[PDB]
>>> print(open('data.cif').read())   # mmCIF, C-alpha atoms
data_run
loop_
_atom_site.label_atom_id
_atom_site.label_comp_id
_atom_site.auth_asym_id
_atom_site.auth_seq_id
_atom_site.Cartn_x
_atom_site.Cartn_y
_atom_site.Cartn_z
CA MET A 1 26.11 13.96 9.33
CA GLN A 2 24.07 10.79 8.80
CA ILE A 3 20.47 9.92 9.69
CA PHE A 4 18.17 7.03 8.81
CA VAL A 5 14.59 7.19 7.50
CA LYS A 6 12.69 3.94 8.06
CA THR A 7 9.63 3.22 5.93
CA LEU A 8 6.54 1.28 6.97
CA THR A 9 7.92 -2.01 5.60
CA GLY A 10 11.25 -1.57 7.42
CA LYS A 11 13.14 -0.20 4.41
CA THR A 12 15.89 2.04 5.80
CA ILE A 13 17.14 5.10 3.91
CA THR A 14 20.50 6.72 4.71
CA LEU A 15 20.64 10.50 4.21
CA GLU A 16 23.59 12.88 4.44
CA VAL A 17 22.22 15.89 6.31
CA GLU A 18 23.29 18.79 8.52
CA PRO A 19 21.57 20.00 11.72
CA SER A 20 20.77 23.28 9.93
CA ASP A 21 18.85 21.50 7.15
CA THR A 22 15.13 22.20 7.25
CA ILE A 23 12.51 19.45 7.20
CA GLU A 24 11.60 20.54 3.67
CA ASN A 25 15.27 20.05 2.77
CA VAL A 26 15.31 16.57 4.32
CA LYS A 27 12.23 15.56 2.31
CA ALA A 28 13.96 16.75 -0.86
CA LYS A 29 16.78 14.32 -0.07
CA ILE A 30 14.25 11.53 0.47
CA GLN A 31 12.83 12.20 -3.00
CA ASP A 32 16.31 11.98 -4.54
CA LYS A 33 16.73 8.55 -2.91
CA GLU A 34 13.17 7.21 -3.28
CA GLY A 35 11.37 9.26 -5.94
CA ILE A 36 8.62 10.30 -3.50
CA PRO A 37 7.65 13.99 -3.69
CA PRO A 38 7.82 15.90 -0.39
CA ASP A 39 4.10 16.74 -0.45
CA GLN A 40 3.40 12.99 -0.21
CA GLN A 41 5.91 12.62 2.65
CA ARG A 42 5.20 12.78 6.38
CA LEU A 43 8.19 12.58 8.72
CA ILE A 44 7.92 11.48 12.36
CA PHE A 45 10.69 11.51 14.96
CA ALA A 46 10.15 10.63 18.63
CA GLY A 47 6.43 10.33 17.95
CA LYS A 48 6.13 13.90 16.66
CA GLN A 49 5.25 15.10 13.17
CA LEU A 50 8.01 17.24 11.64
CA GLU A 51 6.84 20.53 10.13
CA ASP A 52 8.43 21.88 6.96
CA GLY A 53 9.42 25.21 8.54
CA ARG A 54 11.67 23.91 11.31
CA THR A 55 15.12 22.31 11.07
CA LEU A 56 16.58 19.05 12.31
CA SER A 57 18.16 21.05 15.14
CA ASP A 58 14.72 22.26 16.26
CA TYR A 59 13.67 18.63 16.89
CA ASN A 60 16.96 17.55 18.55
CA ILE A 61 17.70 15.15 15.69
CA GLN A 62 21.36 14.13 15.88
CA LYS A 63 23.55 11.82 13.82
CA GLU A 64 22.37 8.20 13.48
CA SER A 65 18.85 9.13 14.62
CA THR A 66 15.99 7.26 12.94
CA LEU A 67 13.06 9.08 11.34
CA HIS A 68 9.85 7.37 10.22
CA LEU A 69 8.43 8.00 6.74
CA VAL A 70 4.63 7.98 6.43
CA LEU A 71 3.13 8.46 2.97
CA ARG A 72 0.32 11.02 2.68
CA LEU A 73 -1.43 9.32 -0.22
CA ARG A 74 -5.06 9.19 0.96
CA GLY A 75 -7.03 12.40 1.49
CA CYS A 76 -10.18 10.78 2.89
CA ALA B 2 -17.87 -17.98 -1.55
CA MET B 3 -14.65 -17.82 -3.55
CA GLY B 4 -11.79 -15.97 -1.90
CA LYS B 5 -10.73 -14.27 -5.13
CA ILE B 6 -11.59 -10.71 -6.12
CA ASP B 7 -13.69 -10.83 -9.29
CA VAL B 8 -11.51 -8.65 -11.52
CA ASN B 9 -13.99 -8.77 -14.41
CA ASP B 10 -16.68 -7.48 -12.04
CA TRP B 11 -14.12 -4.90 -10.91
CA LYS B 12 -13.22 -3.82 -14.45
CA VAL B 13 -16.78 -3.72 -15.81
CA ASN B 14 -17.96 -1.58 -12.87
CA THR B 15 -15.05 0.89 -12.98
CA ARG B 16 -15.67 4.40 -14.25
CA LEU B 17 -12.90 6.36 -15.96
CA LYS B 18 -12.25 10.07 -15.43
CA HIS B 19 -10.19 12.03 -17.97
CA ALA B 20 -9.19 8.72 -19.58
CA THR B 21 -10.57 6.03 -21.88
CA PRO B 22 -10.08 2.23 -21.99
CA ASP B 23 -7.38 3.07 -24.57
CA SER B 24 -5.48 5.34 -22.16
CA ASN B 25 -2.05 3.97 -21.26
CA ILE B 26 -2.47 4.35 -17.49
CA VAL B 27 -5.76 2.42 -17.66
CA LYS B 28 -4.31 -0.44 -19.70
CA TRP B 29 -1.22 -0.45 -17.47
CA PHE B 30 -3.37 -0.33 -14.32
CA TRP B 31 -5.31 -3.45 -15.28
CA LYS B 32 -2.19 -5.25 -16.48
CA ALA B 33 -0.69 -4.56 -13.05
CA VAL B 34 -3.85 -5.91 -11.40
CA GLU B 35 -3.60 -9.00 -13.61
CA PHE B 36 -0.03 -9.60 -12.40
CA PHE B 37 -0.79 -8.71 -8.77
CA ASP B 38 -1.24 -11.76 -6.59
CA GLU B 39 -4.32 -11.92 -4.38
CA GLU B 40 -2.63 -10.06 -1.50
CA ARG B 41 -1.67 -7.10 -3.69
CA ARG B 42 -5.13 -7.01 -5.27
CA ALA B 43 -6.71 -6.83 -1.81
CA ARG B 44 -4.15 -4.24 -0.69
CA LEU B 45 -5.05 -2.23 -3.79
CA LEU B 46 -8.80 -2.51 -3.18
CA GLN B 47 -8.41 -1.36 0.43
CA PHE B 48 -6.00 1.41 -0.58
CA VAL B 49 -8.64 2.93 -2.85
CA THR B 50 -11.88 2.05 -1.00
CA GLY B 51 -11.01 1.49 2.68
CA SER B 52 -11.71 -2.26 2.79
CA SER B 53 -10.70 -5.36 0.86
CA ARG B 54 -14.23 -6.80 0.73
CA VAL B 55 -16.68 -6.15 -2.12
CA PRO B 56 -20.45 -5.86 -1.49
CA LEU B 57 -22.51 -8.97 -2.14
CA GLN B 58 -23.81 -7.66 -5.48
CA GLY B 59 -20.30 -6.81 -6.65
CA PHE B 60 -18.60 -3.61 -7.68
CA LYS B 61 -21.80 -2.22 -9.23
CA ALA B 62 -23.16 -1.68 -5.69
CA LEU B 63 -20.00 0.02 -4.37
CA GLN B 64 -20.77 2.68 -1.76
CA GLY B 65 -18.91 5.79 -0.66
CA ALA B 66 -19.18 7.73 2.56
CA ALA B 67 -22.13 9.73 1.16
CA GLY B 68 -23.76 7.13 -1.09
CA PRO B 69 -23.15 5.12 -4.27
CA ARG B 70 -19.60 5.69 -5.54
CA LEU B 71 -18.35 3.37 -8.26
CA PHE B 72 -14.67 2.49 -8.35
CA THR B 73 -13.05 5.26 -10.38
CA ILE B 74 -9.66 5.52 -12.06
CA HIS B 75 -8.89 9.21 -12.54
CA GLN B 76 -5.99 10.31 -14.74
CA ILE B 77 -4.72 13.57 -13.26
CA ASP B 78 -2.50 16.36 -14.58
CA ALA B 79 0.21 15.91 -11.97
CA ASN B 80 3.97 15.54 -11.79
CA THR B 81 4.83 11.94 -12.67
CA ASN B 82 6.90 11.50 -9.50
CA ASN B 83 3.64 11.52 -7.52
CA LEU B 84 2.49 8.14 -6.28
CA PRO B 85 -1.17 7.29 -6.97
CA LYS B 86 -3.60 9.21 -4.79
CA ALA B 87 -6.64 7.57 -3.19
CA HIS B 88 -9.88 9.08 -1.88
CA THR B 89 -11.45 6.24 0.09
CA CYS B 90 -14.60 8.20 0.94
CA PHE B 91 -15.63 7.95 -2.73
CA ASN B 92 -13.47 5.05 -3.99
CA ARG B 93 -11.31 6.99 -6.46
CA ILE B 94 -7.62 6.61 -7.35
CA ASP B 95 -5.81 9.56 -8.96
CA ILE B 96 -3.00 8.47 -11.29
CA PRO B 97 -0.51 10.81 -13.03
CA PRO B 98 0.24 10.15 -16.73
CA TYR B 99 3.18 7.86 -16.03
CA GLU B 100 5.70 7.42 -18.84
CA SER B 101 5.81 3.59 -18.81
CA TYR B 102 3.99 0.56 -17.46
CA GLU B 103 7.08 -0.10 -15.34
CA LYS B 104 6.80 3.27 -13.60
CA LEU B 105 3.06 2.99 -12.91
CA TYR B 106 3.64 -0.58 -11.71
CA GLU B 107 6.32 0.36 -9.19
CA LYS B 108 4.60 3.57 -8.04
CA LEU B 109 1.31 1.72 -7.51
CA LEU B 110 3.03 -1.14 -5.67
CA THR B 111 4.82 1.38 -3.44
CA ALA B 112 1.53 3.16 -2.72
CA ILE B 113 -0.40 0.07 -1.62
CA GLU B 114 2.53 -1.57 0.20
CA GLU B 115 3.81 1.44 2.18
CA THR B 116 0.37 2.61 3.37
CA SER B 117 -0.99 1.57 6.78
#
>>> encode(input="data.cif", output="structure tokens")
Amino acid sequence: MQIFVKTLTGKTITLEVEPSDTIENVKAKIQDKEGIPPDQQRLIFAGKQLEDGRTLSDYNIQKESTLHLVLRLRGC
Amino acid sequence: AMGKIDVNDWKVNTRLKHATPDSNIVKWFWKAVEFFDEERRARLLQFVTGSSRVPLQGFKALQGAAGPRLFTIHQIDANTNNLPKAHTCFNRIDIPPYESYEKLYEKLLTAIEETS
């Protein structure tokens, strides 16, 4: 299927995913498109932070849904 | 009070960690700062320190959460896909050994523009 990942500046990223893909798998696709390692990625959908263990199906993410990318670049 | 960040004051009061003034990522960092307009310089200063304003006595008086912390560029042994890391509670930026000025430039711009 197809989902969108919107950055902080409005940049929209189109990913080809599957409801069985895990959040770690989705971040790997974001890196392929944007060069951002998954450890520096935070994904938010419906105001909830997506954990690496679950899948897109666990969060009720369907085709054409929009995820938000937050960069975890500052530790303190 | 001039509205420009004093880059010479910034450079002279910057400590280097696991790098020298001859290190590529240091020379590329300051070249990027030189080509950053004022907005990007302020966005960079706040990215690393938590605010875009310098103390009245300049970068030599820079404070961290727990006391005096000079602005520090730290070259890290990390995978070069990593964007620069910032630790605002002690004003340090961690930079992987990027392969070109172009890569550091884009990574740094992405870090300060896609944060907060």
>>> atom_distance(input="data.cif", atom1="CA of residue 13 (chain B)", atom2="CA of residue 111 (chain B)")
25.4 Å
>>> resolve_selection(input="data.cif", expression="the PyMOL selection byres ((chain A and resi 2) around 6)", output="count of residues only")
7
>>> interface_residues(input="data.cif", of="chain A", to="chain B", cutoff="7 Å", atoms="all atoms listed in the file", output="list in words")
residues 8, 9, 35, 36, 37, 71, 73, 74, 75 and 76 of chain A
>>> atom_distance(input="data.cif", atom1="CA of residue 4 (chain B)", atom2="CA of residue 21 (chain B)")
29.7 Å
>>> atom_distance(input="data.cif", atom1="CA of residue 44 (chain A)", atom2="CA of residue 52 (chain B)")
25.8 Å
>>> residues_around(input="data.cif", residues="region 27-35 of chain B", least_positions_apart="6", cutoff="7 Å", atoms="only C-alpha atoms", output="mmCIF file with C-alpha atoms, in the frame of the given file")
data_model
loop_
_atom_site.group_PDB
_atom_site.id
_atom_site.type_symbol
_atom_site.label_atom_id
_atom_site.label_comp_id
_atom_site.auth_asym_id
_atom_site.auth_seq_id
_atom_site.Cartn_x
_atom_site.Cartn_y
_atom_site.Cartn_z
ATOM 1 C CA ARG B 42 -5.130 -7.010 -5.270
ATOM 2 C CA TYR B 102 3.990 0.560 -17.460
ATOM 3 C CA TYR B 106 3.640 -0.580 -11.710
#
>>> resolve_selection(input="data.cif", expression="the PyMOL selection byres ((chain B and resi 60) around 12)", output="VMD selection string")
chain B and resid 6 to 16 46 50 53 to 59 61 to 65 69 to 73 92
